[PDB]
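Single chain ahead, by itself, as structure tokens, in the form solved without its partner chain.
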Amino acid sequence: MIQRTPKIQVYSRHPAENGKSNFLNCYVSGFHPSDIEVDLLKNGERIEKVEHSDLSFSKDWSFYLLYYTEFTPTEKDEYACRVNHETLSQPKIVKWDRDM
């Protein structure tokens, strides 16, 4: 058996401009086993409004997932990716960093 902790990257499809329609992405990669919970949060609240995702498997025993939703960024809204996985002692919350 193998367990691997997920890598989590949160990023917008295009550079973020307030009031411009866009896509927010969570790429959750390199995790094992596949059991996982992933959500995008808008100021702490689960974004339900359509969710697309994409799962894949690499033969070194690792799963890869792209999770994304349409969003119009504003100055005041905070976004984060919330991930739970058995390798984590607590749910992991990774904030979207608009600038870096």
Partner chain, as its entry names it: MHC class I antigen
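Positions refer to the first chain, counted from 1.
- In this crystal structure, the stretch out of 63 to 71 and 46 to 54 whose C-alpha atoms carry the higher mean B factor is 46 to 54.
- The stretch with the higher mean CA B factor, choosing between 12 to 20 and 79 to 87, is 12 to 20.
- In the PDB entry, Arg98 places in the highest third of its chain by CA B-factor.
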